[PDB]
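Visitor: Sharing query13.txt (compact mmCIF, C-alpha atoms and all ligand atoms) below.
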# COMPACT_ATOMS: atom_id res chain seq x y z
CA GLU A 2 12.27 102.69 -30.75
CA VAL A 3 10.23 105.88 -30.90
CA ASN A 4 11.92 109.35 -31.07
CA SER A 5 15.41 107.96 -30.28
CA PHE A 6 17.29 111.21 -29.91
CA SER A 7 20.89 110.69 -28.75
CA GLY A 8 23.73 113.00 -27.76
CA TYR A 9 21.61 116.09 -27.16
CA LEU A 10 22.39 118.63 -24.42
CA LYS A 11 19.29 119.52 -22.37
CA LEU A 12 19.05 123.35 -22.08
CA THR A 13 15.59 123.67 -20.42
CA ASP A 14 12.97 121.07 -19.40
CA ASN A 15 11.64 121.09 -22.99
CA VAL A 16 14.52 122.34 -25.26
CA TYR A 17 17.45 120.07 -26.29
CA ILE A 18 20.31 120.87 -28.74
CA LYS A 19 22.86 118.96 -30.84
CA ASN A 20 25.67 119.76 -33.34
CA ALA A 21 24.18 117.72 -36.19
CA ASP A 22 22.71 117.74 -39.71
CA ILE A 23 18.86 117.66 -39.33
CA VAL A 24 18.71 115.25 -42.34
CA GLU A 25 21.01 112.70 -40.67
CA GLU A 26 19.06 113.08 -37.44
CA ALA A 27 15.74 112.44 -39.18
CA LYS A 28 17.03 109.29 -40.93
CA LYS A 29 18.39 107.89 -37.65
CA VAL A 30 15.60 108.93 -35.26
CA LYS A 31 12.52 108.81 -37.61
CA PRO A 32 10.84 111.33 -35.30
CA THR A 33 7.09 111.79 -35.19
CA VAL A 34 7.59 115.33 -36.59
CA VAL A 35 10.47 116.95 -38.48
CA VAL A 36 10.29 120.74 -38.96
CA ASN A 37 11.24 122.22 -42.35
CA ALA A 38 12.49 125.86 -42.51
CA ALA A 39 10.10 126.61 -45.41
CA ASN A 40 9.17 129.65 -47.51
CA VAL A 41 5.59 130.70 -48.31
CA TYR A 42 5.32 128.81 -51.66
CA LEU A 43 7.05 125.68 -50.31
CA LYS A 44 9.79 125.86 -52.95
CA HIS A 45 12.62 123.81 -51.37
CA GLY A 46 15.41 125.31 -53.50
CA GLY A 47 18.34 125.22 -51.11
CA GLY A 48 19.57 125.19 -47.54
CA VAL A 49 17.71 123.07 -44.97
CA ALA A 50 14.59 122.72 -47.12
CA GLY A 51 16.58 121.64 -50.17
CA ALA A 52 18.47 119.02 -48.14
CA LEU A 53 15.30 117.56 -46.57
CA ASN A 54 13.56 117.48 -50.03
CA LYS A 55 16.64 115.76 -51.66
CA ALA A 56 16.56 113.12 -48.90
CA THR A 57 12.96 112.28 -49.97
CA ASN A 58 14.13 112.05 -53.68
CA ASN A 59 11.91 115.05 -54.49
CA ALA A 60 8.66 113.47 -53.13
CA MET A 61 8.33 116.39 -50.64
CA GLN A 62 8.48 119.00 -53.47
CA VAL A 63 5.78 117.27 -55.56
CA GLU A 64 3.54 116.95 -52.50
CA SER A 65 4.20 120.61 -51.59
CA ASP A 66 3.29 121.86 -55.11
CA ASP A 67 -0.07 120.00 -54.88
CA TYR A 68 -0.75 121.51 -51.40
CA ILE A 69 -0.07 125.04 -52.76
CA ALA A 70 -2.28 124.49 -55.82
CA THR A 71 -5.30 123.65 -53.63
CA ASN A 72 -4.69 125.90 -50.59
CA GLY A 73 -2.55 128.82 -51.78
CA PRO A 74 0.67 130.03 -50.09
CA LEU A 75 1.37 130.09 -46.38
CA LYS A 76 1.73 133.39 -44.47
CA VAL A 77 5.11 134.36 -42.88
CA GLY A 78 4.83 133.01 -39.29
CA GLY A 79 2.48 130.21 -40.39
CA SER A 80 2.74 126.49 -41.08
CA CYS A 81 1.20 123.41 -42.60
CA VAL A 82 1.45 119.67 -41.81
CA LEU A 83 2.34 117.34 -44.71
CA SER A 84 3.86 113.85 -45.00
CA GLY A 85 7.22 113.15 -43.41
CA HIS A 86 8.01 110.62 -46.21
CA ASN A 87 11.05 108.50 -45.21
CA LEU A 88 12.22 111.12 -42.67
CA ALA A 89 9.44 111.29 -40.12
CA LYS A 90 5.66 110.54 -39.66
CA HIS A 91 4.92 114.21 -40.46
CA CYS A 92 6.77 117.26 -41.75
CA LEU A 93 5.71 120.55 -40.18
CA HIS A 94 6.63 123.24 -42.79
CA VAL A 95 7.15 126.48 -40.82
CA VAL A 96 7.82 129.90 -42.36
CA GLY A 97 10.12 132.08 -40.22
CA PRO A 98 10.76 135.67 -41.32
CA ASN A 99 13.55 136.30 -43.79
CA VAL A 100 15.14 139.45 -42.38
CA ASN A 101 17.53 139.70 -45.32
CA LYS A 102 14.36 140.17 -47.49
CA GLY A 103 12.73 142.80 -45.21
CA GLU A 104 10.36 140.58 -43.22
CA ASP A 105 9.56 141.46 -39.55
CA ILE A 106 11.71 139.71 -36.91
CA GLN A 107 8.67 139.83 -34.57
CA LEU A 108 7.05 137.06 -36.66
CA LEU A 109 9.72 134.65 -35.33
CA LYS A 110 7.56 134.26 -32.17
CA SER A 111 4.52 133.30 -34.37
CA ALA A 112 6.74 130.85 -36.30
CA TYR A 113 7.88 129.00 -33.14
CA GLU A 114 4.30 129.03 -31.75
CA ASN A 115 3.37 126.46 -34.50
CA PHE A 116 5.62 123.93 -32.70
CA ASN A 117 3.22 123.88 -29.73
CA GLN A 118 0.66 121.79 -31.69
CA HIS A 119 3.02 118.75 -31.65
CA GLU A 120 4.29 116.89 -28.54
CA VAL A 121 7.80 116.11 -29.83
CA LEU A 122 9.67 117.71 -32.78
CA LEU A 123 13.08 117.58 -34.48
CA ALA A 124 13.77 121.11 -35.74
CA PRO A 125 16.29 123.55 -37.18
CA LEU A 126 17.05 127.01 -35.69
CA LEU A 127 14.38 129.15 -37.39
CA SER A 128 15.35 132.15 -39.51
CA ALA A 129 19.09 131.53 -38.99
CA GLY A 130 21.65 131.10 -41.87
CA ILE A 131 20.71 133.02 -45.01
CA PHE A 132 17.32 134.10 -43.52
CA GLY A 133 19.47 136.63 -41.60
CA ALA A 134 18.15 136.51 -38.01
CA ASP A 135 20.63 136.60 -35.16
CA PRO A 136 20.95 132.91 -34.21
CA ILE A 137 21.35 133.68 -30.47
CA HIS A 138 18.08 135.70 -30.60
CA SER A 139 16.39 132.78 -32.46
CA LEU A 140 17.40 130.36 -29.67
CA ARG A 141 16.05 132.76 -27.02
CA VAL A 142 12.72 133.04 -28.86
CA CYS A 143 12.53 129.19 -29.11
CA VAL A 144 13.19 128.74 -25.38
CA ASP A 145 10.60 131.42 -24.43
CA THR A 146 7.94 130.27 -26.83
CA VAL A 147 7.99 126.50 -27.28
CA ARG A 148 6.28 124.53 -24.49
CA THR A 149 6.28 121.07 -26.12
CA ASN A 150 9.51 118.96 -26.46
CA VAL A 151 11.86 120.31 -29.16
CA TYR A 152 15.18 118.79 -30.30
CA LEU A 153 17.24 121.39 -32.19
CA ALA A 154 19.79 120.19 -34.69
CA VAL A 155 22.35 122.88 -35.66
CA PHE A 156 24.80 121.77 -38.37
CA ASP A 157 27.85 123.88 -37.41
CA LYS A 158 30.06 123.19 -34.39
CA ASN A 159 31.20 126.85 -34.19
CA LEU A 160 27.59 128.12 -33.98
CA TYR A 161 26.56 125.29 -31.61
CA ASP A 162 29.36 126.30 -29.19
CA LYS A 163 28.38 129.98 -29.34
CA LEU A 164 24.69 129.13 -28.74
CA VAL A 165 25.40 126.88 -25.72
CA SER A 166 27.79 129.49 -24.21
CA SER A 167 25.23 132.28 -24.68
CA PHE A 168 22.46 130.17 -23.07
CA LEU A 169 24.65 129.22 -20.07
CA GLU A 170 25.75 132.81 -19.21
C1 LIG B 201 22.59 128.06 -39.16
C2 LIG B 201 22.90 126.82 -40.02
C3 LIG B 201 24.10 126.04 -39.46
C4 LIG B 201 21.66 125.92 -40.19
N1 LIG B 201 22.01 124.78 -41.04
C5 LIG B 201 21.55 123.52 -40.88
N2 LIG B 201 21.01 123.16 -39.70
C6 LIG B 201 20.66 121.87 -39.55
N3 LIG B 201 20.78 120.85 -40.40
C7 LIG B 201 21.28 121.25 -41.60
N4 LIG B 201 21.52 120.46 -42.70
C8 LIG B 201 22.08 121.24 -43.70
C9 LIG B 201 22.44 120.67 -45.01
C10 LIG B 201 22.51 121.51 -46.13
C11 LIG B 201 22.96 121.03 -47.35
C12 LIG B 201 23.35 119.70 -47.44
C13 LIG B 201 23.29 118.86 -46.34
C14 LIG B 201 22.79 119.33 -45.13
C15 LIG B 201 23.94 117.54 -46.70
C16 LIG B 201 25.22 117.26 -45.89
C17 LIG B 201 22.93 116.37 -46.59
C18 LIG B 201 24.31 117.77 -48.16
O1 LIG B 201 24.84 116.94 -48.90
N5 LIG B 201 23.91 119.02 -48.51
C19 LIG B 201 22.20 122.53 -43.25
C20 LIG B 201 21.66 122.56 -41.92
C21 LIG B 201 20.44 126.68 -40.67
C22 LIG B 201 19.34 126.85 -39.84
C23 LIG B 201 18.18 127.47 -40.30
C24 LIG B 201 18.08 127.98 -41.58
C25 LIG B 201 19.20 127.81 -42.41
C26 LIG B 201 20.36 127.18 -41.96
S1 LIG B 201 19.19 128.21 -44.12
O2 LIG B 201 19.00 126.97 -44.83
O3 LIG B 201 20.36 128.99 -44.43
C27 LIG B 201 17.77 129.23 -44.29
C28 LIG B 201 16.61 128.64 -43.49
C29 LIG B 201 16.85 128.75 -41.99
When written as structure tokens, how does the structure in this file appear?
Guide:
Amino acid sequence: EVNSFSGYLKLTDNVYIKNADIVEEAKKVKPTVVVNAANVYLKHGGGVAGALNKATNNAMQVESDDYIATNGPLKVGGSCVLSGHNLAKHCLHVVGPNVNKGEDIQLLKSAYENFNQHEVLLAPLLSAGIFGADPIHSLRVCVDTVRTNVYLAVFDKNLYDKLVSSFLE
């Protein structure tokens, strides 16, 4: 079956959320598009990016290095489409701002706007975790910006409960 998302809570007509590891979701669903929370040189050294690259047995990193050699780095707020490998048909590598490194939180709207070029996506909460953005603000930007169908996987039950409560106020 195609894009077999299960156990998500529908927040708006196009935004769904689950307490789950995005890697486990991608292996089970094999979505058309999985979003990676990338950096501008596509160096998947840890966090979400590291876990998705390890699940491809480093094929995503080798492919990424070859993309960067030919095209140069991405811009913060930008994206590129590469192979999904065993995780999806395509991986959309999106660069959200890293606020802990001084990047502008306003670019989080540009980052989510890349999702609108794909009908259905499995994605993480952009710029959250060690990128330093307020996760409740990131969910609000997603809901206000994405118009195609996005399934958010957040791998932390405590944060998932805070996000759902904040949305439902
Ligand atoms: C907010 C947070 C809960 C969320 N985390 C995540 N959200 C969704 N799916 C996730 N999988 C993992 C993961 C990370 C290591 C590993 C694994 C899985 C497995 C068990 C496969 C293993 O063995 N190692 C994390 C993760 C999050 C959201 C966005 C960003 C970050 C983190 S970041 O990576 O800090 C910086 C980029 C932006």
Visitor: Name the residues, by chain letter and number, that sit within 9 Å of ligand LIG 201 (chain B) using only C-alpha atoms and all ligand atoms, and give them as a PyMOL selection string.
Guide: chain A and resi 20-26+37-40+47-53+55-56+96-97+99+124-134+136+153-161
Visitor: Considering all atoms listed in the file, return as a ChimeraX atom specification whatever protein or nucleic-acid residues lie within 12 Å of region 115-117 of chain A, sequence-local ones (same chain, fewer than 2 positions apart) excluded.
Guide: /A:15-16,34-37,77-82,92-97,108-113,119-125,127,143-153
Visitor: By how many Å are CA of residue 139 (chain A) and CA of residue 59 (chain A) apart?
Guide: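 It comes out at 28.6 Å.
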Visitor: Using all atoms listed in the file, which protein or nucleic acid residues come within 9 Å of residue 10 (chain A)? Drop anything in the same chain fewer than 5 positions from it, and give the result as a VMD selection string.
Guide: chain A and resid 16 to 19 165
Visitor: I need the chosen residues saved as a short mmCIF file (atom, residue, chain, number, x, y, z; two decimals), in the frame of the given file, with C-alpha atoms.
Guide:
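In the end it all went to out.cif:
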data_model
loop_
_atom_site.label_atom_id
_atom_site.label_comp_id
_atom_site.auth_asym_id
_atom_site.auth_seq_id
_atom_site.Cartn_x
_atom_site.Cartn_y
_atom_site.Cartn_z
CA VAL A 16 14.52 122.34 -25.26
CA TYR A 17 17.45 120.07 -26.29
CA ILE A 18 20.31 120.87 -28.74
CA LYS A 19 22.86 118.96 -30.84
CA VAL A 165 25.40 126.88 -25.72
#
Visitor: Name the closest residue to residue 101 (chain A) among the candidates A:45, A:8, A:135, A:142; distances are taken between atoms, counting all atoms listed in the file.
Guide: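 Counting all atoms listed in the file, the residue closest to residue 101 (chain A) is A:135.
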Visitor: Could you tell me how far CA of residue 27 (chain A) lies from CA of residue 83 (chain A), in Å and to one decimal?
Guide: 15.3 Å
Visitor: Compile the contact shell of region 65-69 of chain A as an NGL selection string: residues with an atom at most 8 Å away, counting all atoms listed in the file, same-chain residues fewer than 2 positions apart removed.
Guide: :A and (42-44 or 61-63 or 71-74 or 83)
Visitor: Next, dump the selected residues to file, keeping only C-alpha atoms, as a compact mmCIF listing (two decimals), in the coordinates of the input.
Guide:
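File written: again_19.txt
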# COMPACT_ATOMS: atom_id res chain seq x y z
CA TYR A 42 5.32 128.81 -51.66
CA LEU A 43 7.05 125.68 -50.31
CA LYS A 44 9.79 125.86 -52.95
CA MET A 61 8.33 116.39 -50.64
CA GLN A 62 8.48 119.00 -53.47
CA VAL A 63 5.78 117.27 -55.56
CA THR A 71 -5.30 123.65 -53.63
CA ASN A 72 -4.69 125.90 -50.59
CA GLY A 73 -2.55 128.82 -51.78
CA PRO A 74 0.67 130.03 -50.09
CA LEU A 83 2.34 117.34 -44.71
Visitor: Kindly extract all protein, DNA and RNA residues lying within 9 Å of the coordinates (5.4, 110.6, -41.1) given in the file, considering only C-alpha atoms, and supply them as a list in words.
Guide: residues 31, 32, 33, 34, 35, 83, 84, 85, 86, 87, 88, 89, 90, 91 and 92 of chain A
Visitor: Between CA of residue 102 (chain A) and CA of residue 141 (chain A), what is the distance, to one decimal in Å?
Guide: 21.8 Å
